[PDB]
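> Quick one: structure below, then a few questions.
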Amino acid sequence: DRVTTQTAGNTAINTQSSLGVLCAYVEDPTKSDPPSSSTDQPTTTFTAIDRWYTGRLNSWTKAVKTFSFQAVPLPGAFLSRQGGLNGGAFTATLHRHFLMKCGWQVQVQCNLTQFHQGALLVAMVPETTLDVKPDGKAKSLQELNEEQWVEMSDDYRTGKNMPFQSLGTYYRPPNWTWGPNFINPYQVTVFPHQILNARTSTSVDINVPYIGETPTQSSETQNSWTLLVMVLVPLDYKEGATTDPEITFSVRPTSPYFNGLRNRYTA
Amino acid sequence: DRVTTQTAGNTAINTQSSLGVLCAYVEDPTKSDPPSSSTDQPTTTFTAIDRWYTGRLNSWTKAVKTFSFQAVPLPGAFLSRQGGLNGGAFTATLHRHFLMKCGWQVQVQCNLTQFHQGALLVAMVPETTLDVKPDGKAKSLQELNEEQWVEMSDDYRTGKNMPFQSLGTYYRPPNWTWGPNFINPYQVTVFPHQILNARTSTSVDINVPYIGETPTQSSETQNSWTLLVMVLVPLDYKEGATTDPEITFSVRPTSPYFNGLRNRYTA
Amino acid sequence: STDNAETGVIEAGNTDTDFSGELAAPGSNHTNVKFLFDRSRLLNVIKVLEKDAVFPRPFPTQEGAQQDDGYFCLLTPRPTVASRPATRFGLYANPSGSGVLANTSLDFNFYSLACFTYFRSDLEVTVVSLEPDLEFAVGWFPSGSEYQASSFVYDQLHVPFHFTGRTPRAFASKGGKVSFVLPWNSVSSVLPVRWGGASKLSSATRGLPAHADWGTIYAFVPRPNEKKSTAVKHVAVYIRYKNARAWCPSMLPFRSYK
Amino acid sequence: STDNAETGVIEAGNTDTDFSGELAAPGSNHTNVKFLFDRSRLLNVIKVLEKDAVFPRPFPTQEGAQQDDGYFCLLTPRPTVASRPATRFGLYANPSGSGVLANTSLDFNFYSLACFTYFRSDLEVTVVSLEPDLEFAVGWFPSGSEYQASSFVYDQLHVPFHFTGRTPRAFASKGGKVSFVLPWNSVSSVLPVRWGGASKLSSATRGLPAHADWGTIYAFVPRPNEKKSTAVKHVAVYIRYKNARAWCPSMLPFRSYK
Amino acid sequence: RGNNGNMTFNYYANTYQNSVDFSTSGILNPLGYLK
Amino acid sequence: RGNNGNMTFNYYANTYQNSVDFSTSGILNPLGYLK
Amino acid sequence: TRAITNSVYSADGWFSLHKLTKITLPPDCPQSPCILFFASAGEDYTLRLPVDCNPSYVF
């Protein structure tokens, strides 16, 4: 009933408190047709990229407040290697193809005990720049491993701090107040989500298809999804219990359609 | 009649003085069954390794004597990058699979004019250590680019200088006289060969299947074929003609069956 | 007949192709590979064991190693040295001194007609004694096994462990011979006559096949170690390649013109 | 594959059970019990009789007993001592002195593959001489009989009573061997490899089966007692387990880690 | 049949060569059944 | 058949005398084809 | 079936039990639990070529 083993390629993952795969926006998000914006023959899936790529994510202490999120860019994590999420044969194929059109299928493991309380809001959030510092630069692993959980200020609730083109010295620099890549933290449950509660499950299961403004997007620029782990209830436990439960995540690209083969990406 | 364009993947090569593809040992050396010594599912061909990998080979002066050969190890040239023969998606797949079972299909271009004389003996030679120095070490590109054409001494005709296990200080070191990886230079035409004459063709065409003592061989050790370019008649020309004609070669692996996936080979 | 030999294929023609003539009759089939290799020949001359020997240690053997040499016949047409597979064949032109003269072997009758790369056959070993009235025996251990090197005290007699085993220890009669046929036991599909790959047993020696053999025989004397004689007795190993198959044509050795 | 090994039954799975793969081919049937035990091996090295011997008296033998030891081969894989069935196998680490060094025997090749409790088979005894030009013979008496120990004066020659009988006295040729196959003669249905019951022949020794044997052979010389030679000649007993059957799986011996 | 390659001809009979049991009145089955 | 003149009678069987290959699942053709 | 010569420490590779998440025990439970290992053969595990055994179990 709740023991579901999800074999894919040569990497089968298991979960004995499974709530069920949250297939998003369609019945089967695996089914997808080739891109209509490529006259060349696309590189479809093959048996070394159809597997569960797994990397760690930061721990979840008691000091983490409500709505302190933590964002995983997909496919931004395969390229920067956030959390040790090394793609292997997928990243070595993603760097050599210019356009990439895939749908994801994630699973976040955080095993609490029956004496802990707390709830994460794991949600595949489309089209957000939550991984980018407000000054334009994307975050590096030295920068993620010092804040550990990016707290929900009012700059994220309003979208005041999304990255921008500086107007220059000619225009008077205006008082920025809002930007559409905000987070409304109370409405993240509209996204494809499950709640990683401390009393119903250890792992959540989300399955999202390819979305994007174009029928296929570039490989080195896109952030079409964002695995967002948000703390709705802070972790609390009596002393003696297992402090700082780990959080991992396991990402599987469902049916990718690579296009535009060239040499390895050198910025 | 003689204008044959050999399209493969995204790399089509052309020859307007084609003698014909010398399909070796069988009618169609492309047809091959999976290895019987692997219970795992083999990685077959795909559309980024089914193409013509091309790299240069050394020039052919007048100073080159009769029987001065020049050997290309297959797949030893994809890994050491001899002559700039960079595999790309093939070498990046060959390093990650432990066993590899393929058949080759080569083509050597050396365009003479009608006023030059000479003849090469391009021949896919099975199971020779002609790329290895007699002291055991395989040749590097700094070592190939100083002799340019490894002359046929009597150490190669007898096989006196093939690599060996040193017996140690216990046994008296015996006077070595012979080894089975010799070259009989007068009998290289038993191999799958064409003669690159200066008056019939510019390119030769050889197509050989997978041979080997095992139903599939290792990836980092094998030298099952050896593209051997041997000078049967020395180049001669009157002065004013185009000195030092180039020699290239174009290698295509026909139906490879990779096995045993692991991380990238680190010796 | 007008041809192009740069093509690489020449149709073998007769006298009638250019001239007026006829085809000759088919002579015989003595070039048949299953027929031509099916005949016995001398392989190696190994000394007969008299005690529980130490098998030769792997290369490079250093001095002070108290091992027993010249005793084991690695049954292979390829060049061997010190009962182990080698890449070069080396005899001793001037063997004065100096260390241990290593027993080498080569099948002289094979490589003159081994115009191919891969060769698979059974092996019919006949072990002819080179000593009058010798009552010996012949061991064997397959391609991949190792010599069982010790003894067990049977009634105050150090009977060695090479008197028994699950492998054939054929005992010869007094003044007789030992003849038996060994199957293709090695883990390779075929024996490479010429090999170009690398065996990764050591610092990887190019061109050295690790399991190109039918095994390794050794002659001993059926007495315990107290009855060890003094004069070292030899024996001679004749092998025959039953049911020979050969693939992938290749070169014959270079006959020098001097 | 999710299992519970506390149940005691685990279904042996393949690669396809957890992963993507396939079943390998069946290799061979060399683990077949009727095939694996059907090969000869050295059992005991007994001295060849030259006179009408006294069979070894039952345990505990006291001093002053003028009996003849090291002569009878109780044909059994189990540990024996002094031609009688034992429970422990004991060799002599430092045999200096002191009394009579008792002939012990054990089937080394059996117990390394006797992963079972009960074993029934026929026995094919081959008695190889360990002496040049020995003209010997081989007696036998079944599991439950006893040695006939006397002589009868035939023409002023003390011919012993072990030259005749209703049991096979096979006579070897000069320099030959003796080979014959003995049926399962013992009164037990099977031979216990491991036994835990008590035999009530004596003060009841636990774990000692009284009739777990195929009998007892002995080598003699076909001359009367006047022609008794001086040097004690040995012989070697090779047995083969024809038509082996084995029941009730059990343990293999403890390989020490030192 | 065991380690017996003599497929053709048995000279001695069954009760002399072997030793048959007297009456009274591949497929690898497991040695332990969970019931 | 090789160098075998014993046309009549094979005492030992096929798998004992020879060594047959295990399954997985005259006319002198040329060793190289111009195509 | 026996690493005689050579396989350097590498014959068919290595089994290795990594722990992924730490074992989260409730209070008043023993630290260091014990993973009991077995080793069985597959349903396609097949053996070949008997040899003489090692008689060093009896010494």
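Starting from 1 in every chain, residues are counted up; chains themselves are A, B, ... following the order of the structure tokens, and ligands are numbered from 1 as listed.
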Please provide as a ChimeraX atom specification all residues within 12 Å of residue 33 of chain G, with the sequence filter that same-chain residues fewer than 6 positions apart are discarded (counting only C-alpha atoms).
/G:22-25
> Write out as a list in words which residues come within 12 Å of residue 17 of chain E when counting only C-alpha atoms, dropping same-chain ones fewer than 4 positions away.
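Using only C-alpha atoms, the neighbours found are residues 122, 123, 124, 180, 181, 182, 183, 184, 242 and 243 of chain D; 10, 11, 12 and 13 of chain E.
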> Can you tell me, as a ChimeraX atom specification, which residues in segment 30-254 of chain C count as alpha helix (DSSP H) by DSSP?
/C:33-36,108-111
> Check every residue of chain E for an atom within 12 Å of chain F, counting only C-alpha atoms, and provide those that qualify as a PyMOL selection string.
chain E and resi 3-9
> Can you tell me which residues surround residue 50 of chain D at a distance of at most 8 Å, considering only C-alpha atoms, apart from same-chain residues fewer than 4 positions away, and format the answer as a list in words?
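Everything that qualifies: residues 220, 221, 223, 225, 228 and 229 of chain D.
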> What does the file look like for those residues with C-alpha atoms, as a PDB file, in the first residue's frame?

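See selection.pdb below for the written result:
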```
ATOM      1  CA  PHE D 220      50.190 -59.186   2.669  1.00  0.00           C
ATOM      2  CA  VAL D 221      52.990 -60.960   0.805  1.00  0.00           C
ATOM      3  CA  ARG D 223      55.007 -66.289   0.862  1.00  0.00           C
ATOM      4  CA  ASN D 225      56.336 -67.253   7.298  1.00  0.00           C
ATOM      5  CA  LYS D 228      59.676 -63.304   5.926  1.00  0.00           C
ATOM      6  CA  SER D 229      61.774 -60.397   4.669  1.00  0.00           C
TER       7      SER D 229
END
```
